[PDB]
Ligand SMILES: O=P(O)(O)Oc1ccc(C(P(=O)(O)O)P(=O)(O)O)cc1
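Form deposited without the named molecule, single chain, as structure tokens, below.
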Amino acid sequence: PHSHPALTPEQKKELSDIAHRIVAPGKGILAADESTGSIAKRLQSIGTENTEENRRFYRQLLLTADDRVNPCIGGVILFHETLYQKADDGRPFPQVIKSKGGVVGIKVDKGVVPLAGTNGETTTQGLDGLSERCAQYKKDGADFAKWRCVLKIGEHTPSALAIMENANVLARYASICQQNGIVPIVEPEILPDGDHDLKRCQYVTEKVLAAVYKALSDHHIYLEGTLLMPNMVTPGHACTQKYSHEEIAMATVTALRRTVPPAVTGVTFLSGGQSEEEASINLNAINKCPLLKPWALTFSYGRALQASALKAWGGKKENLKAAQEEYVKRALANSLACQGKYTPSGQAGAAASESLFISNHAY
């Protein structure tokens, strides 16, 4: 019942300012923080050898795209390796990002581990020495971080244990980040795997996010200096029932309104298994949803910003600009989407929508 402030007013201002820069109007996040193991599958899909130089070149391709991406990209999440790589002109990648108006982010979790006594559920590791890592990352140009927890919808999952433990470890990570001037992006990802329907995803998302914010409260987290990186509320990948984008938008915004305090500066959706176009259309629908939304609703996209660029590249240096063009097209699309101004087939305000239509009490 007694306060022992975790942060000074100055520390709070720093975190809040960073958080707001990342999700400024029209801006979102490029999630480029795939580990060597994670990106292996991406490079194999284009017959490209998973070498440090090819990883460097691919990240260079994204980070040095032309200035059209600048008002689209408020932040870039990097993997450790990339944080210490340089572009062809000798500039460290953090400097490249900053010169284009982006905030530099660093993924700091050390992956998932199995929870014994559960049906294949996990928590996430990475807290050991995290404070010192954050202090160093801060010095080396990073101002925010990312940590991924993974939950699965199944017959008996997510379990009480999995929800409580993942919420708790997210809070520890967030606490340590804020002590070191790093804005934590809290990523409690509920996988879309399975044949569950939209209502079930909405229910599980509501319960998971309630647990997350109670844990953040218990650990004295300054919400204004955080971002949330959740799944959209969608049917399961194998669900037999089909839904519209407006229904997905309504389920998502309702789940967030029921759980995320207004003090949270922004929500930066992960794209999950969604295609590039699907992720953009859904984000647009979310931003056109006629409910009050007291936080930025924008993107933290990996595959949904990268899929076409990677394919266009094909591992060939001669395809640089063609690949970059595909990335710029998705950056532009999603920048419009996070303002509710994205039209898929067109561009000239040729997308009129629905009002006075549909109950929000079915959600």
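The first residue of the shown sequence is 1; numbering continues from there.
What comes next is about the form solved in complex with the named molecule, which is not displayed.
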Original post:
66-74, 324-332, 290-298, 38-46: which one contacts the named molecule in the deposited complex at 4.5 Å, heavy atom to heavy atom?
Top reply: 38-46
**OP:** Report yes if any heavy atom of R55 sits within 4.5 Å of a heavy atom of the named molecule in the deposited complex; otherwise report no.
**Re:** no
Original post:
Using a 4.5 Å heavy atom cut-off, are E34, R148 and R303 all in contact with the named molecule in the deposited complex?
Top reply: yes
